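A closer look at the structure
Take a look at the letters that make up each chain.
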Amino acid sequence: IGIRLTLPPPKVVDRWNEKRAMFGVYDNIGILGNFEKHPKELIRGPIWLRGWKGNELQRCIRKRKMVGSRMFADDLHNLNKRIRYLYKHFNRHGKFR
Amino acid sequence: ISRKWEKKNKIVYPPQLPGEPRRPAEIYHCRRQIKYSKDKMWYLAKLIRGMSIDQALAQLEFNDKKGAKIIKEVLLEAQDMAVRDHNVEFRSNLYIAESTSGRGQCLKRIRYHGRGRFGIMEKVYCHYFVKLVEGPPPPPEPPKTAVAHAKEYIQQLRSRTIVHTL
Amino acid sequence: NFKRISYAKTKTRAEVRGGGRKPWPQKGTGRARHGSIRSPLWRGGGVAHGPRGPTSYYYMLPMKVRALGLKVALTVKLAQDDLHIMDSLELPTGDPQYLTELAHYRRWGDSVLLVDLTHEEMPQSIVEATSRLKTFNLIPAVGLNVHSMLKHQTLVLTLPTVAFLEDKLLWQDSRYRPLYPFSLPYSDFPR
Amino acid sequence: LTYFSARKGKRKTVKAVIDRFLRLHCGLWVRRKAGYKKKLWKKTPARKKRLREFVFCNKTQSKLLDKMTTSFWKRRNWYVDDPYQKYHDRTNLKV
Amino acid sequence: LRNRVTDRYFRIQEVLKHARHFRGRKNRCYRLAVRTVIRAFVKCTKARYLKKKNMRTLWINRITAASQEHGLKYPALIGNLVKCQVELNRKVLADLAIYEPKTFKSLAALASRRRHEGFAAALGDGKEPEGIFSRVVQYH
Amino acid sequence: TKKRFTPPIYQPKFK
Amino acid sequence: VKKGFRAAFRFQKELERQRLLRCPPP
Amino acid sequence: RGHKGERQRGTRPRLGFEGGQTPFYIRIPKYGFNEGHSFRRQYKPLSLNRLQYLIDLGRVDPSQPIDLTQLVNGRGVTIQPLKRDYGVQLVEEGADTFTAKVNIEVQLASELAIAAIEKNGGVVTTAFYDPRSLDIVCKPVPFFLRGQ
RNA sequence: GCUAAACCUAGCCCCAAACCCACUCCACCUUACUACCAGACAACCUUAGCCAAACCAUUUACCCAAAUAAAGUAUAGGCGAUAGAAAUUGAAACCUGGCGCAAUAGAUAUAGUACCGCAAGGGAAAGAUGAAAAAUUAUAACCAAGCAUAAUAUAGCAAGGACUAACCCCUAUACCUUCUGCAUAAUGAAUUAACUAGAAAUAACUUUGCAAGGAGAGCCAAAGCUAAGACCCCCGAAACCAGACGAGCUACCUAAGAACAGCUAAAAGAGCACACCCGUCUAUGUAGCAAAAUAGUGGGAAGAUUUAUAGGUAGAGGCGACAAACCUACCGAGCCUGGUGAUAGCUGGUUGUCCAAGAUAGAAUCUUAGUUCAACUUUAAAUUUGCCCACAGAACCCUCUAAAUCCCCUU
RNA sequence: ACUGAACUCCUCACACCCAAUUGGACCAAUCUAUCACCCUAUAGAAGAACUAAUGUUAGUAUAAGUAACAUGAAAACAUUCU
RNA sequence: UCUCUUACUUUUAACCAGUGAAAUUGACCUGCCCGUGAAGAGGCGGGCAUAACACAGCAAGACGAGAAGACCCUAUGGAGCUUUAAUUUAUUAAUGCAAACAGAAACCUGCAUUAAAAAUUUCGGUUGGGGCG
Ligand SMILES: [K+]
Ligand SMILES: [K+]
Ligand SMILES: [K+]
Ligand SMILES: [Mg+2]
Ligand SMILES: [Mg+2]
Ligand SMILES: [Mg+2]
Ligand SMILES: [Mg+2]
Ligand SMILES: [Mg+2]
Ligand SMILES: [Mg+2]
Ligand SMILES: [Mg+2]
Ligand SMILES: [Mg+2]
Ligand SMILES: [Mg+2]
Ligand SMILES: [Mg+2]
Ligand SMILES: [Mg+2]
Ligand SMILES: [Mg+2]
Ligand SMILES: [Mg+2]
Ligand SMILES: [Mg+2]
Ligand SMILES: [Mg+2]
Ligand SMILES: [Mg+2]
Ligand SMILES: [Mg+2]
Ligand SMILES: [Mg+2]
Ligand SMILES: [Mg+2]
Ligand SMILES: [Mg+2]
Ligand SMILES: [Mg+2]
Ligand SMILES: [Mg+2]
Ligand SMILES: [Mg+2]
Ligand SMILES: [Mg+2]
Ligand SMILES: [Mg+2]
Ligand SMILES: [Mg+2]
Ligand SMILES: [Mg+2]
Ligand SMILES: [Mg+2]
Ligand SMILES: [Mg+2]
Ligand SMILES: [Mg+2]
Ligand SMILES: [Mg+2]
Ligand SMILES: [Mg+2]
Ligand SMILES: [Mg+2]
Ligand SMILES: [Mg+2]
Ligand SMILES: [Mg+2]
Ligand SMILES: [Mg+2]
Ligand SMILES: [Mg+2]
Ligand SMILES: [Mg+2]
Ligand SMILES: [Mg+2]
Ligand SMILES: [Mg+2]
Ligand SMILES: [Mg+2]
Ligand SMILES: [Mg+2]
Ligand SMILES: [Mg+2]
Ligand SMILES: [Mg+2]
Ligand SMILES: [Mg+2]
Ligand SMILES: [Mg+2]
Ligand SMILES: [Mg+2]
Ligand SMILES: [Mg+2]
Ligand SMILES: [Mg+2]
Ligand SMILES: [Mg+2]
């Protein structure tokens, strides 16, 4: 019980597809391009996460002040509660002071 | 679910050599989803375990339990199946080799108790398995006699060595 | 890892729909005490410590560290007979079969990374030959990176590319600390 | 102490420490004596002499005040004609 | 990424295999068997001291049994064999008392003779010479 | 010592 | 259906050993 | 995490709390140690050893007038106008070994540093720069990109 | 060999991009889904509280329309927990993605359906052959607990040492948690499978880069600076506030109705006694027929009676022949949703292997169920003495003329 | 005299018997990069490991085949009887 | 009712047939005496007893089971209620003034003072069984 009786379907990974053969390209755009571009500008994803890093509370705070006016009512309410809980957890709970 | 009992009637052995002895016939038969308790059904299967095919029918015909009539119908169609399909010459030259009962799928209903309480009651179903082997039933094992006990006790005293030494 | 963004995200006990009501009274029922049906203990509840995406793993190594890695990567290629210098990427024929057979005769390797000075000056002979290939990649000089070189067995460079690399790489070894980002005009930048 | 602010997500500084203490760049914290302005008529001149002195906090107190202030207060300042300028660095200190 | 235990079956079989010979539900239920396999292993480690202790006690009883057949006590045999520089442990003497009855009787005679020599020396004041078997070989 | 009453909790009928 | 291959592969070897016990080869 | 209490449950009190008694930092009286700290003027010191070090390496050419722009352009100083900097002050460190004829303009200068420069034939003049113009002087290139 | 066990899709999550749907016919604000008569009916009004301040009473973060920086700075504040700018600086921007999930997961979802509640509202469970089912002669073997095959033989945490041999002999006071100390007759666990609990980089340390400079504007620098690695859990209250939903049970009231044999008496909140209502005593029952009943015995039974129907009063309240009664089977303050993952110095739990170091001076505290500091303990680092202890030396008013310390070179 | 320990010795190997806490050395499975190609290597990453929370869901035991439950009689199943 | 119970019928009961729960359960191969122990032992020490085995009774034990029981204590945990506890008059009502008017007044609004009715919050530790700390 809890373990399959048959082998999993075989998985074949294309080590030389378009994405892997061209992964990491232009990571030296700033060094080799007279510093016109920055490698952080090559990041694709959320507008509040391009070229930025932080903990869970900092991500929620940054997301609320950048796309908070565009979020859905349910999602915005959940984000506000998450900030309230994380504020209480980090600033009032822990092993070290 | 498992239905290996039915497949046991489809195994075909290779033809026997002229010097090989007569191999008794093996018949596997069962009935599924019998509205009866496997605990109560066990006493009926144990009663006819080791009995002859005709002797077992005699016990099940005058037995007051409901499953006795259910098992009898299983033996009657298995006895007919033995001669018709399994090349058994005499229908009475059979004995019950294996006779057991198995748990079947059971529905779950609610039995209402007092004070707004409840208790889940199942509608128990059971299986019955029977195996028929051509030939007379094996003789019952004789009770162990005093000579056998004396022979065994003396044999124990002869197999003892000096332990924890050379 | 610097451009990795993890989109995995789970719903905590505050985001699972429903579960605001206490199931049974605290005492008298003879069962375990629970305040909601969406707690991590319950089936179908939230996850106590799960991913909270989207998450960024962005960090920047110092510029001299990233530039030094290219020199070390280039040193390994030359020291291990995996670096080849060329004058131009002009092939006699645009047949991709010609490129594969040429690399096998010289025993370059299973994979070769081709580098040109610029993207607009790449000869059409090699562009149409590497377009149908998977182990032979054609990239500009600015697209040079450590991961691509380490993935590929053999590296091929042109003469203009070599001069380009030395100007860019040695510039880090003798330079002042930036008062303002180098994208702004300087006395001697760009070179 | 607020380890993560609700609008910037960064550590804050307790203003009670800043007003009551002075930090030298060498790591020492300089404070006043509790009660140097209270009931001076019943205190001997020797007692009052050490009450109006500036004293250094010990290791435990100094480590406590380093966590309650941000890095803006630990930077090196170059105020013109600073009374405590000469005390921002240790001299002939071993171990 | 969600990680789940996929080889939990192998983690419980390495403990249940040591419990296959037990009785009751503690041979197939992991929760019940793990508390019994641990105690079985603990008893295994602590029984290594008892086995050494019990072997020596068994040897003493066998040595005592054979000495009484020759009219000697266990202290009279072990004690007087030491004074003859015969360094035989209980394992050998127990084996000798079972498989070499004639050799054991010779040792009993030697121990009895040495025992009698000490009594004679105890009656005298040292003027008489020591017993023939009471001489000790010196090693330098 | 208030009167203690525990209301029985029924289970869903689908089971 | 838990993902992975090492646990499923390892279990198959154990099953084959039981097959060699219930029905040993000649 | 230990045995029970506020340690294991993660409900430890705030930093500086002493279990109920008046905290150590609270009981210390207030004094004007840092009062008006953000309005005090700061000047990055410039030693004659540092100035002579720049001249001998060619980072600061003595043939041209020396102002705050040249010192920043030579990476001799790092002025932070946002950090209440008002320029550089010329200190007297290394006056004995200073030997160069320069025309350097510094916001503040000590009496000995002034004497040391004029002894070798140099000229020293002190001028004031407001914080707004200070950032323009330190980094002229970013200012010229604002189109103002 | 039964029950079972496995079997991958449905679909979903997070981003990006782009601003979305809403007249076939008929019906639908009256009792919605009802073809068809004189109406007058109007929307707008600071959130609070939990919580933190170890109580609490001022106070306590909540997108407000440019990221970064200025900056956690100026200021605000039982100047205390905490709150917190601006001038100024200026940003790239290519939807067609995944070191996301794979049926106890991912949306609750096969579905807001079944079902539950008068209503608001709560809220599921599960599916699995194959190219072909117009191949069922089918989708073979092995796998949890539970059973069956196959009941049991002196004796004892059920095992270990063993043995020719299952037992017989010898040895052995279950586990976790909480306590100074649990075989303890203290807590938890019938069992199987799955799920379920340590998130943060200020300082310091470690390892690279560069170096009086470091850094891809800002920031720091009297060897620093940049980057990485590496430390901070889960479940549980009784409560509080806001907005809704409830008087089809019940408390009282309103509208217009109905019921009350017979006998004795008299124009009776009269007597006896049915229907009817009520529930005194006793017994049965106690997961019961019943989350308050049965049998017998009782109180009233022309009235302050009983009762059907419709309407009204709603929680900071209603209502009350005041019992702190009743307000939809837990009312000293209803239920539901939201704040809410409220909080809990309290209880319980806190998941792989191996090794090492490792226990009992105290002070403060609305504090003695806690916390902080010290003592002790750990690692790393630096340095040179540490321990043991020969004389000498340490008070008088004081002969319990005490045992013995402190100091202390040698060793 | 002898008996008598995990003390000591002997043959051999030695990191291999403390709560809390602290320092380590390793490591299951999973995903990714690159290998590997009967299931592994080196790295990166994390919903990363359950004999226990009157834990949650599901299955099945135990109490237990126990408590409890039910159909007036004859008959031609027309009917009749109690 | 009792001295002092007894007989009978019915239900229950027990047996045969059918259907088929619930609390409970660490694992048990589940003995007595004496002693010991976290102070009340089926499991430890010393003695004694002991083939296995179901059914029907019994209620001394398993500190038996059932609702973290009642009972005292603890919490800088709640709530109701009372008040000469503390903090307030926002709200309501009555006056005063200003305002606004007529020529006097009222309504309204602002600011005050009185009450009313409420709102928020707390109940320091130490020691003391027959006290008045
Ligand atoms: K669900
Ligand atoms: K406490
Ligand atoms: K009893
Ligand atoms: Mg019923
Ligand atoms: Mg009912
Ligand atoms: Mg909720
Ligand atoms: Mg709520
Ligand atoms: Mg709760
Ligand atoms: Mg979920
Ligand atoms: Mg010994
Ligand atoms: Mg605990
Ligand atoms: Mg009409
Ligand atoms: Mg009409
Ligand atoms: Mg508070
Ligand atoms: Mg309180
Ligand atoms: Mg689901
Ligand atoms: Mg099984
Ligand atoms: Mg024994
Ligand atoms: Mg309200
Ligand atoms: Mg009504
Ligand atoms: Mg009448
Ligand atoms: Mg009357
Ligand atoms: Mg009434
Ligand atoms: Mg009464
Ligand atoms: Mg009634
Ligand atoms: Mg009457
Ligand atoms: Mg109504
Ligand atoms: Mg009434
Ligand atoms: Mg009263
Ligand atoms: Mg009362
Ligand atoms: Mg209610
Ligand atoms: Mg909590
Ligand atoms: Mg140790
Ligand atoms: Mg106090
Ligand atoms: Mg040993
Ligand atoms: Mg030793
Ligand atoms: Mg050793
Ligand atoms: Mg790995
Ligand atoms: Mg986990
Ligand atoms: Mg498990
Ligand atoms: Mg559990
Ligand atoms: Mg029974
Ligand atoms: Mg019965
Ligand atoms: Mg009947
Ligand atoms: Mg029956
Ligand atoms: Mg049950
Ligand atoms: Mg027995
Ligand atoms: Mg006893
Ligand atoms: Mg005993
Ligand atoms: Mg019995
Ligand atoms: Mg009874
Ligand atoms: Mg307290
Ligand atoms: Mg308040």
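Residues numbered from 1 in each chain as written, not as in the entry; some residues may be left out. Chains lettered and ligands numbered in written order. Part of a larger assembly, values for the part shown. Heavy atoms only, no water.

As documented in the archive entry, the model was determined using cryo-EM at 3.1 Å resolution.

Within chain B, the regular secondary structure consists of five helices and five strands. Starting at the N terminus and walking to the C terminus, you meet the elements of chain B as α-β-α-α-α-β-β-β-β-α. Here the C-alpha atoms of chain B give a radius of gyration of 23 Å, more than 25% beyond the 15 Å that 2.2 N^0.38 yields for 166 residues. Along the first, second and third principal axes, the C-alpha set of chain B runs to 75 × 55 × 35 Å. In chain B, buried positions account for 30% of the 166 residues. In chain B, 70% of the contacts between residues at least 6 apart in sequence involve partners at least 24 apart. Accessible surface for chain B amounts to roughly 12300 Å². Of this, 54% is attributable to carbon and sulfur atoms. (Helix = DSSP H or I, 4+ residues; strand = E, 2+ residues; numbered from the N terminus. Rg over C-alpha atoms; globule rule 2.2 N^0.38 Å. Buried < 20%, exposed > 50% of the residue type's maximum accessible area, 1.4 Å probe, protein only. Contact = heavy atoms within 4.5 Å. Areas by Shrake-Rupley, 256 points an atom, 1.4 Å probe, with all protein chains shown as cover.)

Regarding its fold elements, chain E presents five helices and zero strands. For chain E, the sequential pattern of α-helices and β-strands runs α-α-α-α-α. The C-alpha atoms of chain E give 28 Å as radius of gyration, which overshoots the globular expectation for 140 residues (14 Å, by more than 25%). Viewed in the frame of its principal axes, chain E has a C-alpha envelope of about 95 × 40 × 25 Å. Put simply, chain E has 140 residues, and 25% of those count as buried. Residue pairs at least 24 apart in sequence account for 43% of intrachain contacts in chain E once pairs closer than 6 positions are excluded. Charged side chains of chain E number 32 positive and 10 negative; the gap between the two group centres comes to 21 Å. (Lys, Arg positive; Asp, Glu negative; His and termini not counted. Charge placed at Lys NZ, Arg CZ, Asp CG, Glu CD.)

Our next topic: the layout of surface pockets. Size it by volume and the largest pocket reaches roughly 730 Å³. Put simply, the second largest pocket is a space of about 600 Å³. What lines the second largest pocket is a set of 25 residues, and nearest its centre among them are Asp75(A), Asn78(A), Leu79(A), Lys9(C) and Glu15(C). When residues of the lining of the second largest pocket are traced back to their parent elements, those giving at least two are helix 3 (56–67) and helix 4 (73–92) of chain A. (1 Å grid on protein atoms, 1.4 Å probe; cavity = no way out; pocket = protein on both sides within 12 Å on 5 of 7 lines; lining within 4 Å. Points joined across faces, edges and corners; volume = space filled by probe spheres on them.)

Residues and elements named next belong to chain B. Where helix 2 (residues 38–47) is concerned, the buried positions are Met41, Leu44 and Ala45. Down the axis, helix 2 shows its buried residues gathered within 95° of arc, on one side only. In this structure, the buried side of helix 2 is in contact with strand 1 (26–34), helix 4 (66–85), strand 2 (94–103) and strand 5 (126–134). (Arc of directions from axis to C-beta.)

Counting residues in hydrophobic clusters, the biggest one holds 56 residues, and the most contacted among them are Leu155(C), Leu68(H), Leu71(H), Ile79(H) and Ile104(H). The leading source of residues in this core is helix 1 (residues 63–79) of chain C, at five residues. Filtering out sequence-adjacent residues up to four positions away, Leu155(C) remains in contact with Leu74(C), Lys77(C), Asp82(C), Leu83(C), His84(C), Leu113(C), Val115(C) and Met149(C). Counting 27 residues, the second largest nonpolar core, distinct from the first, contains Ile27(B), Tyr36(B), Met41(B) and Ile71(B). (Core = buried A, V, L, I, M, F, W, Y, C linked by side-chain atoms within 4.5 Å.)

The next subject is the packing of helix 1 (residues 8–16) of chain E against helix 2 (residues 30–69) of chain E. Residues and elements named next belong to chain E. Across the interface, helix 1 lies against helix 2 with an axial gap of 9 Å and an inter-helix angle of 45°. One way to sum up the angle between helix 1 and helix 2 is to call them oblique. Handedness of the helix 1/helix 2 crossing: left-handed. Two secondary-structure elements touch here, helix 1 through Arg11, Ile12, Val15 and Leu16 and helix 2 through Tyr30, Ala33, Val34 and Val37. Looking at the contact of helix 1 with helix 2 residue by residue, the classes come out as seven nonpolar, no polar and one charged. (Axes fitted to C-alpha atoms, helices over the stretch in contact; angles between N-to-C directions. Parallel < 35°, antiparallel > 145°, perpendicular 65-115°, else oblique. Left-handed = near helix turned anticlockwise from the far one by under 90°. Nonpolar A, V, L, I, M, F, W, Y, C, P; charged D, E, K, R; others polar.)

For the rest of this paragraph, the subject is the protein's contact with RNA strand K. Neighbouring residues of RNA strand K: 24 residues in total, closest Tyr36(B), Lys66(B), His113(B), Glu122(B) and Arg25(E). One of the side-chain nitrogen or oxygen atoms of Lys40(B) is found 3.1 Å away from a base oxygen of RNA strand K. Here a phosphate oxygen of RNA strand K and a side-chain polar atom of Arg25(E) are 2.4 Å apart. Breaking the surface near RNA strand K down by element, the ones donating at least two residues are strand 4 (118–123) of chain B together with helix 2 of chain E. Sort the elements by how many residues they give to the surface near RNA strand K and strand 4 of chain B lands first, with five residues. Residues belonging to the surface near RNA strand K are distributed by class as follows: five nonpolar, five polar and 14 charged. (Near = heavy atom within 4 Å. Polar contact = N/O pair within 3.5 Å; in protein donor to acceptor, adjacent residues only side chain to side chain.)

Inspection of the secondary structure assignment puts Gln58(A) in helix 3. A polar side-chain atom of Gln58(A) sits 2.9 Å from the main-chain carbonyl oxygen of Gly9(D).

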